[PDB]
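Structural features, examined
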Amino acid sequence: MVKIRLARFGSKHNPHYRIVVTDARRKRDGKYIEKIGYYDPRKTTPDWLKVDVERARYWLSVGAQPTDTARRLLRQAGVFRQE
Amino acid sequence: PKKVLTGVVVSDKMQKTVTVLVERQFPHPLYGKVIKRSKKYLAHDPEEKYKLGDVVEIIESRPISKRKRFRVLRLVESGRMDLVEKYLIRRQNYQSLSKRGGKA
Amino acid sequence: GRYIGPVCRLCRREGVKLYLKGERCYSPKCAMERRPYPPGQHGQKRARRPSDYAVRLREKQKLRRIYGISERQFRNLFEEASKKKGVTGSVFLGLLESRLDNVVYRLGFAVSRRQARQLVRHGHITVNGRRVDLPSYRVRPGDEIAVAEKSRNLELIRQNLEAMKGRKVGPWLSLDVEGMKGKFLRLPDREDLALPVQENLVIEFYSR
Amino acid sequence: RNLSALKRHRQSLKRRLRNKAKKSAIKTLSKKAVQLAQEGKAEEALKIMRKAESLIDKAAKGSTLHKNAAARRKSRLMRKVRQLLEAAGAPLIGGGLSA
RNA sequence: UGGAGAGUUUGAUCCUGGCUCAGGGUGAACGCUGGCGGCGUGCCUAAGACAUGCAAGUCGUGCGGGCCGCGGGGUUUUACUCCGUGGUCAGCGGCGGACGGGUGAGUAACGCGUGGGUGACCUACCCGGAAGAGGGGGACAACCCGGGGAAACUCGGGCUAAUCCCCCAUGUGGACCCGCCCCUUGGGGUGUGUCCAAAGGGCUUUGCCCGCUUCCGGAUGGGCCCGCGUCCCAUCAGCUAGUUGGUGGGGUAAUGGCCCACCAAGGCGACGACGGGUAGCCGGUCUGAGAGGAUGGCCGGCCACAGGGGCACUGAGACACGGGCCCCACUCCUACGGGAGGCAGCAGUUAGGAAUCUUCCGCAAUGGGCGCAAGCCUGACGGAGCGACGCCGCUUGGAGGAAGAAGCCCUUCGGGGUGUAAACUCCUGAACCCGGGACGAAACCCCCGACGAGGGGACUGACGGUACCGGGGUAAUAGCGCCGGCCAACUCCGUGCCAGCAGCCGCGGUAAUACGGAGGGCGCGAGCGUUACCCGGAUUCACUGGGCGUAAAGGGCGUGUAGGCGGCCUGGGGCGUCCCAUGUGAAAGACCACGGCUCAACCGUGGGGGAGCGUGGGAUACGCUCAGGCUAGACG
Ligand SMILES: [Mg+2]
Ligand SMILES: [Mg+2]
Ligand SMILES: [Mg+2]
Ligand SMILES: [Mg+2]
Ligand SMILES: [Mg+2]
Ligand SMILES: [Mg+2]
Ligand SMILES: [Mg+2]
Ligand SMILES: [Mg+2]
Ligand SMILES: [Mg+2]
Ligand SMILES: [Mg+2]
Ligand SMILES: [Mg+2]
Ligand SMILES: [Mg+2]
Ligand SMILES: [Mg+2]
Ligand SMILES: [Mg+2]
Ligand SMILES: [Mg+2]
Ligand SMILES: [Mg+2]
Ligand SMILES: [Mg+2]
Ligand SMILES: [Mg+2]
Ligand SMILES: [Mg+2]
Ligand SMILES: [Mg+2]
Ligand SMILES: [Mg+2]
Ligand SMILES: [Mg+2]
Ligand SMILES: [Zn+2]
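Residues numbered from 1 in each chain as written, not as in the entry; some residues may be left out. Chains lettered and ligands numbered in written order. Part of a larger assembly, values for the part shown. Heavy atoms only, no water.

The deposited coordinates, according to the entry record, derive from X-ray crystallography at 3.20 Å resolution.

What follows is the structure, encoded as structure tokens:
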């Protein structure tokens, strides 16, 4: 089941995730189908979260199932905001 | 695209199958001289149609037998043993170099 | 860590005079003042014609012993100037001249390079506010290099910034003796520095 | 010891027996049908064909035969039977055979 | 944006030539020495053997029970029995257990790489669309009774639930045979015939949630096939009978000799078959001016394996590391009949070895399985631990301070050196004490709102009282190699071809800058040196870029097969070759830019480059090909 989750790319005590689209069975840091964003849990830079919402929306358009956190970050960048 | 190839039918001895001798050419990776290498494919010819000496186009196909993944797509130019020759003779030399030797 | 040990012996071995002490190195005492010869039991014996190696080795030892730096660091700094565009000889000097401990020294905050190092280490320095105690910190254009407010009362910092009254400063610098500040305007160029060094040699030495 | 998921083996076994039985009926009836048709028995040769067809499609209900495996069987069966009947056949019941 | 050479064959010389060194690198190890921190890394041998703990479970919102307890009922009491409810245990059923983690034994192969093919295929869960869920029957555990066994465990009999299994119905539809049409390998449409569906559960219970069935489509993941690439030996030259092809059949999701019967006699090979050896392959990595050489640990991708061999079962998926059977070996239990095991999972033990760590903390974060959810499991993971194993950062102080203490070394005995070094003065103030104390964590959930969008609320950190901040505050580790030349650094003494050094040339037989110590010096510095291996130097396997009269090197000569190479003019083709566009060339790494941690190491973001191959379009000088012509080669 393809998903939209985070992939650990930081470094010790310096986490930096990559909001990715990957089959559900791969190592969390394994080969992903497509990157679609990143996330700096510690906001160590003005820009600490981006999400190709155009893309997200697409994957969700096809069974992409986001981690609870992955969904959080997404939402937080009007990924679902249907105003 | 299903790879399409060209060659001479050097073998006609089988039923519904022909041996196409596809010649390849390319530069040697380290010495660069262009070198002519080659290989035999057993093309599928259901109607017997193609006879020894023809030049046919071979086309990548669904397996037909072990060691046989090509079908004769079409005839390029009929008859010309001048090519079958090279082949046959080359083989004939083999029939020597080992313990005795092959006539020049 | 850094050399640490009799320093004027280097002054002597290198022939050229190196200012690894600030004061005194001006007084008739840098020893290069009546004793411009190398240390040890052979200092005064005739010198045999140095080998191509010797020359390059010495030239490097010189430049490096100036900024008082570990060959390790020195080398990597070099290899860096090497990759970067621009005449390597220059780029390299520009980089050595960008070490925080160097600037603190080039700004009269400190009497010598060693001392400036310690000031940086004991946190008596500022870099656009935030204090930085990494003597090998790369000071870059625009960076203001202050002095610890807390330290601004320190006799040493006072005496130093005092005599600094009057003294001009490098054209790639500029210091406000009042608030004990100074700005790193631009990477000094080869012409800007007057080091008793032939960097064409230092380059050649790492050629081998 | 005792990785309670022994249960899986436990179950696997039952299923095996279940499947194993399902297929025997299939084969049996299939021959039953082919053999008939062979010796031209039309009417009844098809009657049995149908039951067979059914059992097969049924196996594909669950994970017994499932998929094309079922499809194959059906065609290979109908082929054999329809052909075999060409021995003066005249498919009466027309059973599963399309007129 | 890029390339250094030196020593050594002679009395001397030039050339040839081998050897040797300086450099870079290492999952290292060994020696002397060793202070702090960050990141990273750590069985390279016995794919040897393993104690103990842990490492995959989860659903009571699919079903029925056993046991222990409580409360309330039908009971006048008693017996019996009904309901609710707590605890606990497995059973049935479902999903997961095919991922994640390990290792590299085997494999020279469609294994891997790259680019394609699939009208020859599959894909649980997820997403979109269409339609549906009507009725009936049954069994087996649990439980109960009996039997066998030392045990592991087993056999028989009886009861029962379900989303367990079966039958009939509905046929949206789909499946098969046949016909027809369009398509072109088995793609798609259509007509008759036959065949095939379903299961329930929960409630804030006339609706909403979870779930079930059939079909189509998507998304992801995968099978299979094909072109090209992929080490050494020809002191391996011929290999082959399911072997090569065919017809029919089995088999699978699917093509296929994959398997089988029958038929044919084929298939492969010097462009190196067969055989032997060695080896997982790749992105990369190391070195190099490059070409190239070497390599494939850590990280990511693929493959293979799970004590050795074979086999299937269940399943969407396995031939299934912590599932099954059999054989072998080994180990343990055995009442000797017979049983139980498999750390190449984390940690740990033992053995082997020059050599490789904690039986740690945590589930808080990320990710994974189950669950409506709360939540449970997670040695995956996030962290801490030990080891200078690597990289980067940092300290052992700073300034002053004699024509220059003492000691030690040398002396031409005048003096020279260690050396501003020390002593000493003053300044700062690692360690260390005190106080404050973190980002990483906002979701899931709850409430308003429709369980949507949107808004509010609550819970939650191992690391850790660590990072960091502020106050106080001590001058507070330095070692190792080398000094004949290559090669930076010279003297005295001791020894006397001895003891010893040694990478090569060499040094030592009483004036040794070459041994041993000392003084002094050169180089690096919490490291320094050694050994081992790879690239370099080595244009010393020479494509870039080597040579063969006498240095190593022309075959004893010819005739000639394959192969390599091919005069002048013109035309067609456009295979090579050149160009353009386009797809691919994953991430990581490399390069550039900016950014985050006081810097850097490390890390984040963005950008550019990239051979090779696929597709389309173009060019035609050269090479190829075909055709025509020619006489300058050749032949007559
Ligand atoms: Mg000589
Ligand atoms: Mg030589
Ligand atoms: Mg082999
Ligand atoms: Mg019974
Ligand atoms: Mg219909
Ligand atoms: Mg039915
Ligand atoms: Mg091996
Ligand atoms: Mg080279
Ligand atoms: Mg099955
Ligand atoms: Mg195990
Ligand atoms: Mg967790
Ligand atoms: Mg989780
Ligand atoms: Mg010298
Ligand atoms: Mg002597
Ligand atoms: Mg070479
Ligand atoms: Mg050459
Ligand atoms: Mg030569
Ligand atoms: Mg000779
Ligand atoms: Mg001759
Ligand atoms: Mg020509
Ligand atoms: Mg072309
Ligand atoms: Mg920065
Ligand atoms: Zn001086």
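The rest of the description comes next.
Section: the overall build of chain C
Scanning chain C for helices and strands turns up 8 helices and 2 strands. Reading chain C from its N terminus to its C terminus gives the helix and strand order α-α-α-α-α-α-α-β-β-α. Here chain C has a C-alpha radius of gyration of 18 Å; the compact-globule value for 208 residues is 17 Å, and the two agree. In terms of overall dimensions, chain C has C-alpha extents of about 55 × 40 × 30 Å along its principal axes. When each of the 208 residues of chain C is scored for burial, the buried share is 44%. Looking at chain C alone, contacts between residues at least 24 apart form 57% of all its contacts between residues at least 6 apart. When the accessible area of chain C is evaluated, it comes to approximately 12300 Å², of which 48% is carbon and sulfur surface. On chain C, the mean spot of the 46 positive side-chain charges and the mean spot of the 23 negative ones are 7 Å from each other. (Helix = DSSP H or I, 4+ residues; strand = E, 2+ residues; numbered from the N terminus. Rg over C-alpha atoms; globule rule 2.2 N^0.38 Å. Buried < 20%, exposed > 50% of the residue type's maximum accessible area, 1.4 Å probe, protein only. Contact = heavy atoms within 4.5 Å. Areas by Shrake-Rupley, 256 points an atom, 1.4 Å probe, with all protein chains shown as cover. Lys, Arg positive; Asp, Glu negative; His and termini not counted. Charge placed at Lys NZ, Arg CZ, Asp CG, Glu CD.)

Some thoughts on the protein's contact with RNA strand E
Neighbouring RNA strand E are 187 residues; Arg 28 of chain A, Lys 66 of chain B together with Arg 9, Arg 12 and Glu 23 of chain C lie closest to it. Of all RNA strand E atoms lying within 4 Å of any protein atom, the proportion belonging to sugar or phosphate reaches 80%. Here a phosphate oxygen of RNA strand E sits 3.0 Å away from a polar atom, N or O, in the side chain of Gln 73 of chain C. In this structure, a phosphate oxygen belonging to RNA strand E sits 3.1 Å away from a side-chain N or O atom of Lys 14 of chain D. The element that contributes the greatest number of residues to the surface near RNA strand E is helix α1 (residues 7-38) of chain D, accounting for 12 residues. Partitioned by chemical class, the residues of the surface near RNA strand E number 51 nonpolar, 52 polar and 84 charged. (Near = heavy atom within 4 Å. Polar contact = N/O pair within 3.5 Å; in protein donor to acceptor, adjacent residues only side chain to side chain. Nonpolar A, V, L, I, M, F, W, Y, C, P; charged D, E, K, R; others polar.)

Some thoughts on the nonpolar core
The biggest cluster of nonpolar side chains holds 52 residues, and the ones touching the most others in it are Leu 63, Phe 92, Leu 100, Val 104 and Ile 145 of chain C. Listing elements by their share of this core, those giving two or more residues are α1 (8-13), α2 (52-66), α3 (71-83), α4 (88-96), α5 (100-106), α6 (113-121), α7 (155-163) and α8 (199-205) of chain C. Among the elements that line this core, the one with the most residues is α4 of chain C, at 5 residues. There are two domains that each give this core at least three residues, and those are domain 1 (1-96 + 194-208) and domain 2 (97-193) of chain C. Counting 16 residues, the second largest nonpolar core, distinct from the first, contains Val 2, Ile 19, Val 51 and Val 79 of chain A. (Core = buried A, V, L, I, M, F, W, Y, C linked by side-chain atoms within 4.5 Å. Domains from an automatic or database assignment.)

A closer look at the pattern of salt bridges
If you walk through the whole model with that rule in mind, you get 30 salt bridges over all chains. When the shortest N-O distance is used, the salt bridge between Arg 80 of chain B and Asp 82 of chain B registers 2.8 Å. For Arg 80 of chain B, a relative accessible area of 26% gives the class partly exposed. The salt bridge partner of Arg 65 of chain C is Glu 14 of chain C, with a shortest N-O separation of 2.8 Å. Of this pair, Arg 65 of chain C sits in helix α2 while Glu 14 of chain C is found in the loop between α1 and α2, placing the two residues 51 residues apart along the sequence. By relative accessible area, which is 8% here, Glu 14 of chain C ends up buried. Sharing partners across several salt bridges, the network here consists of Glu 77, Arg 80 and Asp 82 of chain B. (Salt bridge = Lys/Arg side-chain N within 4 Å of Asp/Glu carboxyl O.)

Some details on the UniProt feature "binding site: Zn(2+)" in chain C
Residues and elements named next belong to chain C. If you check UniProt for "binding site: Zn(2+)", the listed places come out as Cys 8, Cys 11, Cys 25 and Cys 30 in our numbering. Taken along the chain, the residues just named run across 23 residues; in space they keep tight, none of their C-alpha pairs more than 9.9 Å apart. The residues contacting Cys 30, other than those within four sequence positions of it, are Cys 8, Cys 11, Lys 17, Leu 18, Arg 24 and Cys 25. (UniProt positions renumbered as here; feature names shortened; annotations may be inferred.)

Here's the deal with the packing of aromatic side chains
Each aromatic ring pair is characterised by the separation of its centres together with the angle its planes make. In the structure shown here, the tally under the stated rule is 10 aromatic pairs over all chains. Judged by centre distance (5.3 Å) and plane angle (90°), the rings of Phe 78 of chain C and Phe 92 of chain C are edge-to-face. Here the residue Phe 78 of chain C occupies a position in helix α3, and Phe 92 of chain C occupies one in helix α4, the gap between them amounting to 14 residues. According to the relative accessible area criterion, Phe 78 of chain C is buried, its value standing at 6%. Among the residues examined, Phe 92 of chain C registers a relative accessible area of 2% and is labelled buried. An aromatic cluster is present here, built from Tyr 53, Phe 74, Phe 78, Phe 92, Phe 205 and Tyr 206 of chain C joined pairwise through their rings. The cationic tip of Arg 18 of chain A hangs over the ring face of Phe 9 of chain A; the distance from NZ or CZ to the ring centre is 3.8 Å. Directly above the aromatic system of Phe 74 of chain C lies the positively charged group of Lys 60 of chain C, at a separation of 5.7 Å from the ring centroid. (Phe/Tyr/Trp six-rings, centres within 6.5 Å; stacked < 30°, edge-to-face > 60°. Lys NZ or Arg CZ within 6 Å of the ring centre and 35° of its normal.)

What to know about unusual backbone geometry
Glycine aside, a negative phi is what most residues show, and trans is what most peptide bonds show. Here the phi dihedral of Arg 24 of chain C falls at roughly 70°; this positive angle occurs in a residue that is not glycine. Within the element layout of this structure, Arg 24 of chain C appears in the loop between α1 and α2. In this model, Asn 2 of chain D sits at a positive phi of 65°, which is unusual for a non-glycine residue. Among the structural elements, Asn 2 of chain D can be located in the segment before α1.

Focus on a positive patch on the surface
Residues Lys 7, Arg 8, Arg 10, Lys 14, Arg 15, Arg 18, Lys 22 and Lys 58 of chain D make up a contiguous surface patch of positive charge. For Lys 7 of chain D, the location among the structural elements is in helix α1. (Patch = residues over 30% accessible without salt bridge, like charges linked within 9 Å, V, L, I, M, F, W, Y side chains within 5 Å.)

Some details on the UniProt feature "domain: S4 RNA-binding" in chain C
Mapped onto this numbering, the UniProt entry gives "domain: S4 RNA-binding" at residues 98-160 of chain C. Within residues 98-160 of chain C, the helical portion is 35% and the strand portion 0%, while the C-alpha atoms at the span's ends are 21 Å from each other.

Concerning the domain arrangement of chain C
As a measure of interface size, the accessible area lost when the parts come together is often cited. Residues and elements named next belong to chain C. Partitioning chain C into domains gives domain 1 (1-96 + 194-208) and domain 2 (97-193). Between domain 1 and domain 2, the C-alpha centre-to-centre distance is 23 Å. Listed as interface residues are 25 residues of domain 1 and, on the opposing side, 18 residues of domain 2. Buried surface at the junction of domain 1 and domain 2, both sides included, amounts to about 1700 Å², of which 44% is carbon and sulfur. Viewed at the interface, domain 2 and domain 1 are joined by 2 salt bridges. For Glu 199, the salt bridge goes to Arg 190, with nearest N and O atoms at 3.4 Å. The tally of links from domain 1 across to domain 2 stands at 13 residue pairs in polar contact. Those elements that provide at least two residues to the side of domain 1 that touches domain 2 are α3 and α4. (Buried area = accessible area lost by both parts, 1.4 Å probe.)

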